[PDB]
Visitor: 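One structure, as structure tokens, below. Some questions next.
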Amino acid sequence: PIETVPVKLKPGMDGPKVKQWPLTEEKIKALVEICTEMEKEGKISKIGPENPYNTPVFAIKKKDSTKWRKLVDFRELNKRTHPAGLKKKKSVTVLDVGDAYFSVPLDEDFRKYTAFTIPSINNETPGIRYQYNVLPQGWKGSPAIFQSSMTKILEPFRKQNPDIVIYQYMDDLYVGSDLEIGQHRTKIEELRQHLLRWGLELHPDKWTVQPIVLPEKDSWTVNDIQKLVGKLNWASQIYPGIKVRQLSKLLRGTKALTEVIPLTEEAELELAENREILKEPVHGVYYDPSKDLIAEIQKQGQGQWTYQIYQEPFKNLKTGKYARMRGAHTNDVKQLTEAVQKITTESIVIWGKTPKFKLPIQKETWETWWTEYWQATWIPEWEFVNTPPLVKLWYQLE
Amino acid sequence: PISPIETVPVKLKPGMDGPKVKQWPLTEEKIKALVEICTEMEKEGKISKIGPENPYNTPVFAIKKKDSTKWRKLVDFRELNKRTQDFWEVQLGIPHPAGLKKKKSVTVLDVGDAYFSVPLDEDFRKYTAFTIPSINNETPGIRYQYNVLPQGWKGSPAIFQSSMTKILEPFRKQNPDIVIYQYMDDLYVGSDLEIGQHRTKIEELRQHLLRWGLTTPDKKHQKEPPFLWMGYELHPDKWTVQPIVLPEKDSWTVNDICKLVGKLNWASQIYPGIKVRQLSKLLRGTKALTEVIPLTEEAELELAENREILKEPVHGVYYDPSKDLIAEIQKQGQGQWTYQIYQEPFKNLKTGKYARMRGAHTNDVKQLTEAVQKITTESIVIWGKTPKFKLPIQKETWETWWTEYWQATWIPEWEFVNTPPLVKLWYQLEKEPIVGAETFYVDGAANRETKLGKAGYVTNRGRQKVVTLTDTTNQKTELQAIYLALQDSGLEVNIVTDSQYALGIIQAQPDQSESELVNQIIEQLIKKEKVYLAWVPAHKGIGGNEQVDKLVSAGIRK
DNA sequence: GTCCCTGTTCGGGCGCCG
DNA sequence: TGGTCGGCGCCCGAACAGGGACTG
Ligand SMILES: C#C[C@]1(COP(=O)(O)OP(=O)(O)OP(=O)(O)O)O[C@@H](n2cnc3c(N)nc(F)nc32)C[C@@H]1O
Ligand SMILES: [Mg+2]
Ligand SMILES: [Mg+2]
Ligand SMILES: [Mg+2]
């Protein structure tokens, strides 16, 4: 019925050929139930092995609902295929409008690139493969093709509410308002009822930055000054105003680490001036949409996680921290997955783009459990790094 | 017969043509077997005679089957496989008997001439041309092409596996409570029915497969235990691996070690305590398979204890989803680990081992975490869930490790078992400088051209020493300086270095390393009672880092 | 930039199964 | 006597990529 739009790949790039990873029994049973209903409704069709492409798939179950959400890891296909006032609203609600993509057909010559495989427990059966006939959820081209149809749906609601910003990214709809809690949720329900005519909770105001802080002591040892000098020396790469001349001359000689060193008047003021320079904003940092956002995370212990967002070295666009429970049953991997989801969400609100993460975790450790704590519809790109304990120390807190 | 299922469309790679390889000479015995097979396949339409309009050819040969009485027609399609399109393999792994659930009735059967019953794409058939010689000048060689899947072609396994799945799909939908383990053409069928009603359903399955052109000869129709399946023996309430025979040579070659370690890894799935570290080390630096290799004392001893394990009777049980999955891990030396997965004590579902060495420097806690992750992924494949663990590490030891470790690490639900050797950290670095300990300022420096270097220290108590080095690197000299300070210091020492490379290695608390220098450092760290390691930026005039830097740079820098 | 060191990935041999 | 194909497993070495230290 609806006319399709031709979509192609980048020049010199083939389709994705990523293997399927092991899936638990509950995810496989959920995917089989979902795929049968998607196949009955013409959304997907079975394919054979002559299609050489494949994309991994899994499923997430949101907290309090027996509903499962099919997630396709399309970030390899996406590689091969902004409202500034949004970050200033009291409340921003994220709506999952991925089901709206199933009403638009997909280009016939592109469907072979959406291939995925449903595994079986204990390899009872060979993998059973499918491909998409409509706009798939989590694909880069789905919001672009549906963009014209999305504006027609939101046009009356946007005109009736001019002070409400509605931003779309992937299968998500970000709706922010300055209304009071209660009036905001009532307005969100109006939007959901507005979306049902066609078919078929954040607070950016409280987002803060974590600046670099220096220790405050009455008695300083050689070791204290050596650690402070090393931290300021690294900080000078970000803040060129940082000086360490008067603090370094206190360390002349070959002294014991536990020897107490009195701070001179010049060194005392040099430390006080350095505290003011760290409070000033970083100079000359301009966002580049053509470049990728890079997010580094450092595990600080006791449930504390620091992160920085940049595109060039020492050109931080944002520095924050992420604290959680400090109990004994702490799951480092679970906390790390919650951290990357919050960092990605902030990057989508501020810049409308997902960052590339440098994760401080073994590759095997992450891939084994990260899908067990994922709740978003998108998946950022990431790499694994052996972080030196130096950058971990520089963003520490007292 | 030939299955009425639709063919899978297959193309060649762009700008490619079919193979043109002439037949190599064959034994008279093999020629007699091939002509008997091909005259019958030609009568059934599975192959078709071709004339001069087909310019292609590919060599053929034959080997014995597992029955040892029948022959298997093979084709050396190596050239056509290079020119055939890519496929996505649908076979994601191998089924394991430990994942089988208890069934009331069990049947194992096999399809006769499985490949030769699935039709091949008509446009691709000409590329499968082959020639069969005969009696010379009394009847010349006959040329054929394949109308069915050939044995030797790249696309045959995935096409058959996908076609077999489509064929079984109507039966599975009609009988969702009858489990059919489908590996190639080999079918394990289990039900919770009485043996009478079960065999009637088996005949429904055999009739269903026959309707889709797949015969099930009674010769390969197993009806009583033990069932021979996938290299195992399936009893009603237990399973075992078919007898494994290790080679018993007095002069082992690389190929002999390959088949030795291969059968040991295969045995480790049910035989506990298998080790292959010393036998696998003998393969380093080797070139060809014919390389005879002398066995070391450790390798000779490792094989001896492996042979004694294989003499004991062992078996596994089947999976009960109403019980928990338990994985207990035992430590052996040299980065080797073994584990037993069970639901009831002393009733192993399966066993295994983990001995992969990750990283140049590591400790027993890292390797244990890596083994837990390997068993977790393996358990999700076989049983679809994560097991509960029984680990030989104290809760306090783990709490200390992941508190100070900069990376995120986690172990699922587990408890401690006192089965030595226990996993522990062999030393801990202090968090604060040590009062009353001598403070060493260490540094190393090396010349890139001459490869000469110096390592040394200066102390707050007036001591200093410089050691010259030959054929070294800047990283090695910094490690040599730390090693020197550990040798000449007391039981408690403060060490200040400018090398984050050496700092990161020591902060991870390794107990084993590929570097002998690092191993020497580890032995020093274990003997100390308190060690504090601090870092300062190099070339910043900080004392006494400036003093030692000026000491080790003289004569190799500037 | 180069040199060094450490990480992952791919392909080679063998094992096992059809 | 070999000599074919695909899957998974193992361990090995070759060929990368990424980051720190270095020359003048
Ligand atoms: C599907 C399938 C099968 C089943 O193996 P079988 O051992 O069952 O041989 P059959 O073709 O089925 O003839 P049968 O003796 O059973 O009447 O796996 C494939 N296969 C088995 N052994 C080999 C082998 N050595 N090489 C290749 F390339 N394929 C094989 C091809 C075969 O058709
Ligand atoms: Mg057969
Ligand atoms: Mg078989
Ligand atoms: Mg140095």
Side-chain angles (χ1 to χ4, degrees), chain A residues 49 123 126-127 358 362-364 383-386 388 390, chain B residues 24 26-27 30 58-63 65-66 72-81 87 89-96 110-111 114-115 149-161 182-186 229-232 241-242 244 254-269 276-277 279-289 352-361 378 381 444-449 451 472-476 478 498-501 504-505 514-515 538-539 557-558:
Chain A
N123 292 279
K358 294 184 177 181
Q362 187 186 62
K363 176 172 188 295
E364 328 293 343
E383 52 172 279
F384 311 98
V385 69
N386 303 270
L390 282 310
Chain B
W24 56 61
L26 297 171
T27 313
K30 295 184 178 183
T58 306
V60 300
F61 58 100
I63 61 177
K65 289 185 175 180
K66 204 184 196 67
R72 177 185 307 278
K73 179 178 186 299
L74 296 175
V75 185
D76 180 26
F77 273 137
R78 269 189 267 101
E79 199 63 30
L80 174 59
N81 294 332
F87 300 87
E89 305 294 335
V90 294
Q91 195 66 34
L92 309 186
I94 315 301
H96 199 274
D110 174 276
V111 174
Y115 272 11
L149 293 182
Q151 307 193 49
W153 182 47
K154 178 219 298 177
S156 292
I159 285 178
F160 181 89
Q161 292 156 357
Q182 164 206 343
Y183 191 85
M184 299 298 298
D185 77 330
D186 192 25
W229 177 79
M230 295 294 296
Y232 307 94
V241 67
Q242 291 179 3
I244 301 173
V254 169
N255 197 98
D256 295 336
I257 302 299
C258 286
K259 59 173 179 172
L260 178 61
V261 178
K263 294 196 173 188
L264 290 176
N265 304 324
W266 172 253
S268 61
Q269 67 177 301
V276 298
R277 159 78 68 250
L279 297 175
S280 300
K281 184 190 299 181
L282 267 49
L283 307 158
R284 301 176 181 179
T286 64
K287 305 300 294 297
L289 299 320
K353 66 180 191 62
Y354 175 81
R356 188 188 183 190
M357 195 60 55
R358 292 177 61 93
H361 328 287
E378 171 181 346
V381 172
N447 179 272
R448 175 173 300 185
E449 303 180 332
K451 264 61 180 178
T472 178
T473 67
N474 195 266
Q475 297 86 336
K476 291 179 183 179
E478 295 283 9
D498 60 31
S499 171
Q500 50 184 295
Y501 163 78
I505 289 179
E514 311 177 332
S515 167
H539 314 292
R557 273 204 276 190
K558 298 97 175 185

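Residue numbering restarts at 1 for every chain, and letters A, B, ... go by the order of the sequence lines. Computed from heavy atoms alone, side chains included, the values below leave out hydrogens, waters and symmetry copies.
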Visitor: Look at all strands and tell whether A:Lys363 reaches a base, only sugar-phosphate, or nothing, counting heavy atoms closer than 4.0 Å.
Guide: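 If one applies the 4.0 Å heavy-atom cut-off, A:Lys363 turns out to touch the sugar-phosphate alone, with no base involved.
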Visitor: Whole angstroms only, please: what is the CZ-P distance between B:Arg72 and D:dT4?
Guide: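 About 14 Å, once rounded to whole Å.
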Visitor: B:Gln91 has a side chain; which of D:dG7, C:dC4, D:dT4 sits nearest to it?
Guide: D:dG7
Visitor: Within the distance-only criterion (no hydrogens, no angle test), does the side chain of B:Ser156 pair as donor or acceptor with the backbone N or O of B:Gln151 below 3.5 angstrom?
Guide: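 Such a contact is absent between B:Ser156 side chain and B:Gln151 backbone.
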Visitor: Given 3.5 Å as the limit, does a donor-acceptor pair link the side chain of B:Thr27 with the main chain of B:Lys30, or not?
Guide: no
Visitor: Need to verify one output field. Residue with the more 5' nearest nucleotide on DNA chain D, B:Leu92 or A:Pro388?
Guide: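 In this pair, the answer is B:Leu92.
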Visitor: Using only modelled atom types and a 3.5 angstrom limit, is any donor from either the side chain of B:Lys287 or the base of D:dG13 paired with an acceptor on the other?
Guide: no
Visitor: Got a donor-acceptor pair under 3.5 Å from the side chain of B:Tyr183 to the base of D:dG6?
Guide: yes
Visitor: Students often mix this up, so state it plainly: with edges at 30° and 60°, are the rings of B:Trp153 and B:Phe87 parallel, tilted or perpendicular?
Guide: perpendicular
Visitor: side-chain hydrogen bond (donor to acceptor under 3.5 Å, both in side chains), that's the test. Do B:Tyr354 and B:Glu378 meet it? Break it down for me.
Guide: CA-CA 12 Å; B:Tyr354 175 81; B:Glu378 171 181 346; over 6 Å; no
Visitor: Any idea which of D:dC11, C:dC14, C:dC4 is nearest the B:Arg356 side chain?
Guide: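 Nucleotide nearest to B:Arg356's side chain: D:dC11.
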Visitor: Looking at A:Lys358, I'd like to know whether one of its side-chain N or O atoms comes within less than 4.0 Å of OP1 or OP2 on D:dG19.
Guide: yes
Visitor: Is the shortest side-chain N/O distance from B:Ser499 to OP1 or OP2 of D:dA21 below 4.0 Å?
Guide: no
Visitor: Is there a donor-acceptor contact under 3.5 Å from the side chain of A:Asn123 to the main chain of B:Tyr183?
Guide: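 Answer holds: no.
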Visitor: Apply the side chain to side chain contact (heavy atoms under 4.5 Å, CB included) test between B:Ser280 and each candidate in B:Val261, B:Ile257, B:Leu260; give the one that qualifies.
Guide: B:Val261
Visitor: Could you tell me the separation between the CD1 atom of B:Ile244 and the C1' atom of C:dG15, rounded to a whole number of Å?
Guide: 10 Å
Visitor: Take the protein atom CD of B:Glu478 and the nucleotide atom P of C:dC4, then report the distance between them rounded to whole Å.
Guide: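 Value for this atom pair: 15 Å.
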Visitor: Atom CG of B:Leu282 and atom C1' of D:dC10: how far apart are they, to the nearest Å?
Guide: 16 Å
Visitor: Which nucleotide wins on minimum distance to the side chain of B:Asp76, given the candidates D:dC8, C:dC4, D:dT4?
Guide: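 Selected nucleotide (nearest to the side chain): D:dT4.
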Visitor: For B:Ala355, report the nucleic acid contact type (base, sugar-phosphate, nothing); a contact means any heavy atom under 4.0 Å.
Guide: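 B:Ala355: backbone/sugar contact only, no base atoms under 4.0 Å.
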Visitor: Does a side-chain N or O of B:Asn265 approach OP1 or OP2 of C:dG15 to a distance below 4.0 Å, or not?
Guide: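 It does not, given that no N or O in the side chain of B:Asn265 lies less than 4.0 Å from OP1 or OP2 of C:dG15.
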Visitor: Taking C1'-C2'-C3'-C4' as the guide, is C:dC10 a north (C3'-endo side) or a south (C2'-endo side) sugar?
Guide: south
Visitor: Heavy-atom nearest nucleotide on DNA chain D for B:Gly285 versus B:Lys558: which residue maps closer to 5'?
Guide: B:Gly285
Visitor: Just call it for B:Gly359: base, sugar-phosphate, or nothing, with non-hydrogen atoms closer than 4.0 Å on any strand.
Guide: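 Sugar-phosphate contact only - B:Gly359 comes under 4.0 Å of backbone atoms but never of a base.
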Visitor: Have a look at B:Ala445 and say if it touches a base, only the backbone sugar-phosphate, or nothing, with a 4.0 Å heavy-atom cut-off.
Guide: nothing
Visitor: What nucleic acid atoms does B:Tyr501 come within less than 4.0 Å of, heavy atoms only: base, sugar-phosphate, or nothing?
Guide: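 Sugar-phosphate contact only.
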Visitor: Would you say B:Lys65 has more than 12 foreign heavy atoms packed within less than 6.0 Å of its NZ?
Guide: yes
Visitor: Is the side chain of B:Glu478 donor-acceptor paired with the backbone N or O of B:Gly444 at a distance under 3.5 Å, no angle test?
Guide: yes
Visitor: Read from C1'-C2'-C3'-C4', is the pucker at D:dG18 north or south?
Guide: south
Visitor: So what does B:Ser156 touch, heavy atoms closer than 4.0 Å: a base, only the sugar-phosphate, or nothing?
Guide: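 The answer is nothing, as B:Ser156 stays clear of every strand by at least 4.0 Å.
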Visitor: So for D:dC10, where does the sugar sit by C1'-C2'-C3'-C4', north or south?
Guide: north
Visitor: Within the structure shown, what part of the strands sits under 4.0 Å from B:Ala360 by heavy-atom distance: base, sugar-phosphate, or nothing?
Guide: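 Sugar-phosphate, backbone atoms only, no base.
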Visitor: Watson-Crick or G-U wobble partner for D:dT4, using a 3.5 Å limit on both distances?
Guide: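 Pairing partner: none.
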Visitor: Any base atoms under 4.0 Å from B:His96, or only sugar-phosphate, or nothing? Heavy atoms, all strands.
Guide: nothing
Visitor: Check every strand shown and say whether B:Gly262 touches a base, only sugar-phosphate, or nothing at a heavy-atom separation below 4.0 Å.
Guide: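 Contact class for B:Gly262: sugar-phosphate only.
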Visitor: Among D:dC10, D:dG7, D:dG3, find the nucleotide with the atom closest to the side chain of B:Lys353.
Guide: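 Selected nucleotide: D:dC10.
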Visitor: Check this one for me: any side-chain N or O of B:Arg358 less than 4.0 Å away from OP1 or OP2 of C:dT6?
Guide: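 Negative; the distance criterion is not met.
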Visitor: Would you indicate what B:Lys451 reaches in the nucleic acid, counting non-hydrogen atoms under 4.0 angstrom: base, sugar-phosphate, or nothing?
Guide: sugar-phosphate
Visitor: How long is the line joining CG of B:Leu264 and P of D:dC11, in whole Å?
Guide: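 So the CG-P distance, B:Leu264 to D:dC11, works out to 12 Å.
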Visitor: Once you apply a heavy-atom cut-off of 4.0 Å, does B:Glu89 come out as touching a base, just sugar-phosphate, or nothing?
Guide: sugar-phosphate
Visitor: Taking any heavy-atom pair under 4.0 Å as a contact, classify B:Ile63: base, sugar-phosphate, or nothing.
Guide: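 The answer is base, as B:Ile63 lies within the cut-off (heavy atoms under 4.0 Å) of a base atom.
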Visitor: Does the sign of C1'-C2'-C3'-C4' make the D:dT4 sugar north or south?
Guide: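 North pucker for D:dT4.
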Visitor: With no angle test and no hydrogens, is the base of D:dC22 tied to the side chain of B:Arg448 by a donor-acceptor pair under 3.5 Å?
Guide: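 Between D:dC22 and B:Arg448, which were checked side chain against base, a qualifying N/O pair under 3.5 Å is present.
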Visitor: Considering only side-chain heavy atoms of B:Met230, which listed nucleotide, C:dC4, C:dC17, C:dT6, is closest?
Guide: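 So the nucleotide nearest the side chain must be C:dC17.
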Visitor: If I take atom CD in residue B:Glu449 and atom P in nucleotide D:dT23, what distance separates them, rounded to the nearest angstrom?
Guide: 9 Å
Visitor: Give A:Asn123 one of three labels, base, sugar-phosphate or nothing, depending on what nucleic acid heavy atoms sit under 4.0 Å from its own.
Guide: nothing
Visitor: Output the rounded distance in Å from CZ (B:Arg78) to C1' (D:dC5).
Guide: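 For the pair B:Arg78 CZ and D:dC5 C1', the rounded distance is 11 Å.
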Visitor: Counting heavy atoms from C-beta on, name the nucleotide in D:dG3, D:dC11, D:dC5 closest to the side chain of B:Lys30.
Guide: D:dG3
Visitor: Compare the minimum distances between each of D:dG3, C:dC14, C:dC5 and the side chain of B:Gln475, then state the nucleotide with the smallest one.
Guide: C:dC5
Visitor: If only atom types and distance count, is the side chain of B:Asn81 paired as donor or acceptor with the main-chain N or O of B:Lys154 below 3.5 Å?
Guide: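 It does hold such a pair.
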Visitor: Round to the nearest Å and state the distance from A:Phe384 atom CZ to C:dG7 atom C1'.
Guide: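 Answer to the nearest Å: 13 Å.
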Visitor: Based on whether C1'-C2'-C3'-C4' is positive or negative, which pucker family does D:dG19 belong to?
Guide: south
Visitor: Assign each of B:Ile505 and B:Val261 to its nearest nucleotide of DNA chain C by heavy atoms, then name whichever residue's nucleotide is nearer the 5' end.
Guide: B:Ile505
Visitor: Select base, sugar-phosphate, or nothing to describe what B:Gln500 touches, counting heavy atoms under 4.0 Å on all strands.
Guide: sugar-phosphate
Visitor: Judged by each residue's nearest nucleotide on DNA chain C, which is more toward the 5′ side, A:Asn386 or B:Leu289?
Guide: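 Looking at the nearest nucleotide for each, A:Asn386 comes out on the 5' side.
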